[PDB]
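Below: one structure in structure tokens.
The numbers here are math on the coordinates, done by the rules we state, and not lab data. Neighbour counts are summed over all protein chains in view; Cβ atoms, including those assigned to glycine, are modelled from backbone coordinates with ideal geometry.
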Amino acid sequence: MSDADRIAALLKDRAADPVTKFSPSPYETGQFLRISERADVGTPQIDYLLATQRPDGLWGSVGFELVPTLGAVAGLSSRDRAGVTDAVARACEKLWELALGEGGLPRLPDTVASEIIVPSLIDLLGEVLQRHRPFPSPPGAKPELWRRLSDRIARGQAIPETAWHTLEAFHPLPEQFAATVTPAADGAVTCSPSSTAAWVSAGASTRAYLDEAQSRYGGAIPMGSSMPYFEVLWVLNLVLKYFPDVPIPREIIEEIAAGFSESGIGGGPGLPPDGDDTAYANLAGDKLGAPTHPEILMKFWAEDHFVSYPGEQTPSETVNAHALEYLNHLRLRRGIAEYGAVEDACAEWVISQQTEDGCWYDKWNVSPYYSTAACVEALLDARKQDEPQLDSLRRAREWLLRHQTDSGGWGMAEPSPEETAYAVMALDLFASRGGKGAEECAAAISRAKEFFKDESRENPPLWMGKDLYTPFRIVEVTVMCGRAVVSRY
């Protein structure tokens, strides 16, 4: 009974249930509890919020605590039961402990709409827990932007469909604005159960969607939904590198082909086209004999770099990695450097985003292991072999070798199978090129054998929505690719 057979089994089941599998979040559970009215269900969410709370009374991963901790307490302050106020009391006591310290509150992580989620919850939760005192004011927190959209909504003036993702920031939603909103063909308002909730509180497809979302895990609410293209393209683009001779469902091919359009493809329907998924639809298309067009990708190109979204506040480093990979593959296969200009420029740009320590980060996943391994696949096959590129790649690898742990794995903090599979993946590409360092890259991988075959550990949430989450299908495949690399050394 093979992993190969398993991926093939995963691929058949993916084509059966196109329902996206993102891990629950205390923020999304925290907002859903507050908003889905008449208490269709309340206690199931409460139980889940108390078990996942951290000993220090907070919620979330170390350095991404505010948005989830505010989300949960808002939920447990709305409308108590056993240990709820104890939770609410100890959570709030540990929040003023930080807002009253050195530098005050740590800057907002660049998690989706932190800029809005955080001001909104503190106004609402200010009046809730102004007590438990002897104000917060996060550095990246833009109340101005929050209050602006607030009164744009009340005037019945349309809002960017990007904020439709986080309507739960506008708690009492006026009806004349709710009538502007249409949910997707699956019942979701812009990929978020708690935003859909806000819409509803102010219907068949949408109830079925919320039925499933309050049932999958016993009450805990999936952090986001409706993103079958994202989780399809990332799975398929790892099956195509580490599992050739596993047969891909046609029905999955046609599914991508359905969502791909003039302006490209988004993470899912209800999202606009983005450079990441367009620059991965293309690549998988190529690898499978589909007629693919770089002309569409150039539409996500700006001056010096490809953009996740044409309106780019802060740019994304994996988008440029994912796009260059496609451009390298096309030049190597087609035999012409048609985008010679963009390749080099995108290569320059990728290099200038590396930190002094040797790794990259990304807008979309918060572990440098995702971003570094992606930037490294792109750079090894980058056409020029400029000293900037090989010195870049030389520092990247060095970083990779020096951060391995006694367990054999790697991690932005505690080691994990997702981040270990990223390092071992990035090492394999080095070992299989040769030269100085290449044999230390392989030894490093042989050492990962123990980490993987060892315990069934858990997957920390490293991906960035409005809070962090595991995209389970994508992480399911990543770890097995790491193992396939591992079980070649």
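Within region 446-473, can you find the residues that are touching a helix residue (DSSP H, G or I) at 6+ places or on another chain (Cβ under 7 Å), crowded, with 20+ Cβ neighbours inside 10 Å and of a type outside the set (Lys, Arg)?
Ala448, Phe451, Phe452, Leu462, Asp467, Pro471 - these are the residues of region 446-473 that are touching a helix residue (DSSP H, G or I) at 6+ places or on another chain (Cβ under 7 Å), crowded, with 20+ Cβ neighbours inside 10 Å and of a type outside the set (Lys, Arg).
Is it the case that some residue within region 247-265 is polar (S, T, N, Q) and under 23 Å from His165 (Cα atoms)? Spell out the reasoning first.
From region 247-265, those polar (S, T, N, Q) are 261, 263; that's our starting set.
When the remaining residues are screened for being under 23 Å from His165 (Cα atoms), the result is 261, 263.
Yes; the residues of region 247-265 include at least one that is polar (S, T, N, Q) and under 23 Å from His165 (Cα atoms).
Still on this structure, I have one more. Only one of (1) buried (at least 17 other Cβ atoms within 10 Å of the Cβ); (2) over 18 Å from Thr420 (Cα atoms) is not met by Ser367, so which one is it?
Result: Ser367 fails condition (2) only.
Then there's this: Return the residue satisfying two criteria in turn: it lies in region 24-37 and is under 20 Å from the mean Cα position of the chain (by Cα) and not in a helix (DSSP H, G or I), and of such residues it is surrounded by the fewest Cβ atoms within 10 Å (Cβ to Cβ).
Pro24
Further question: Please specify each residue of region 436-445 satisfying the condition of being surrounded by fewer than 18 Cβ atoms within 10 Å (Cβ to Cβ) and outside any loop (DSSP other than H, G, I, E, B).
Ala438, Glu439, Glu440, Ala442, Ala443
Just the residues that are more than 13 Å from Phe243 (Cα to Cα) and either part of a helix (DSSP H, G or I) or among the small types (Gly, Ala, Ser) (or both), please, taken from region 10-23.
First, the residues of region 10-23 that are more than 13 Å from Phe243 (Cα to Cα): 12-23.
The answer is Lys12, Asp13, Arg14, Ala15, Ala16, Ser23.
Condition first: touching a helix residue (DSSP H, G or I) at 6+ places or on another chain (Cβ under 7 Å), more than 29 Å from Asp467 (Cβ to Cβ) and of a type in the set (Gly, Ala, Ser). Now tell me which residues in region 317-369 satisfy that.
Across region 317-369, the qualifying residues are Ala337, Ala347.
Criterion first (among the hydroxyl-bearing types (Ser, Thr, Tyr), closer than 25 Å to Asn237 by Cβ, more than 15 Å from the chain's Cα centre (by Cα) and not in a loop (DSSP other than H, G, I, E, B)) does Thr420 satisfy it? I'd like the intermediate steps shown before the answer.
Values: among the hydroxyl-bearing types (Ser, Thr, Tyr): yes; closer than 25 Å to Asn237 by Cβ: yes; more than 15 Å from the chain's Cα centre (by Cα): yes; not in a loop (DSSP other than H, G, I, E, B): yes.
Against the criterion (among the hydroxyl-bearing types (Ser, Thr, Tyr), closer than 25 Å to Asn237 by Cβ, more than 15 Å from the chain's Cα centre (by Cα) and not in a loop (DSSP other than H, G, I, E, B)), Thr420 qualifies.
When both residues are 6+ apart or on different chains and their Cβ atoms are under 7 Å apart, which pairs have a first residue that lies in region 342-363 and is more than 25 Å from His403 (Cβ to Cβ), and a second that is assigned to a loop (DSSP other than H, G, I, E, B) and among the small types (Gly, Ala, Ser)?
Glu343/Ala337; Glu343/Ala382
Which numbered condition in (1) in a helix (DSSP H, G or I); (2) of a type in the set (A, V, I, L, M); (3) loosely packed, with under 15 Cβ neighbours inside 10 Å is the only one that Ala413 fails?
Exception for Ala413: condition (1).
Given (1) polar (S, T, N, Q); (2) more than 20 Å from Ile445 (Cα to Cα); (3) touching a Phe, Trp or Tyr at 6+ places or on another chain (Cβ under 8 Å); (4) not in a loop (DSSP other than H, G, I, E, B), where does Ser371 come up short, assuming only one miss?
(2)
Taking the options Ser392, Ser432, name whichever one is hydroxyl-bearing (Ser, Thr, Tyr), surrounded by fewer than 24 Cβ atoms within 10 Å (Cβ to Cβ) and more than 23 Å from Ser316 (Cβ to Cβ). Walk me through how you get there before you give the answer.
Values: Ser392 fails: more than 23 Å from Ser316 (Cβ to Cβ).
Of the residues listed, the single one that is hydroxyl-bearing (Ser, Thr, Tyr), surrounded by fewer than 24 Cβ atoms within 10 Å (Cβ to Cβ) and more than 23 Å from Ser316 (Cβ to Cβ) is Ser432.
Kindly indicate the residue of region 214-267 that is of a type in the set (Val, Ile, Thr) and crowded, with 22+ Cβ neighbours inside 10 Å and also farthest from the chain's Cα centre (by Cα) among those meeting that condition. Spell out the reasoning first.
Residues of region 214-267 that are of a type in the set (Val, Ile, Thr), as a first pass: 221, 232, 235, 239, 246, 248, 252-253, 256, 265.
The next check asks that each one be crowded, with 22+ Cβ neighbours inside 10 Å; those that pass are 221, 232, 235, 239, 265.
Numbers: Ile221: 16, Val232: 14, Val235: 14, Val239: 20, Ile265: 17 Å.
The extreme case among them is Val239.
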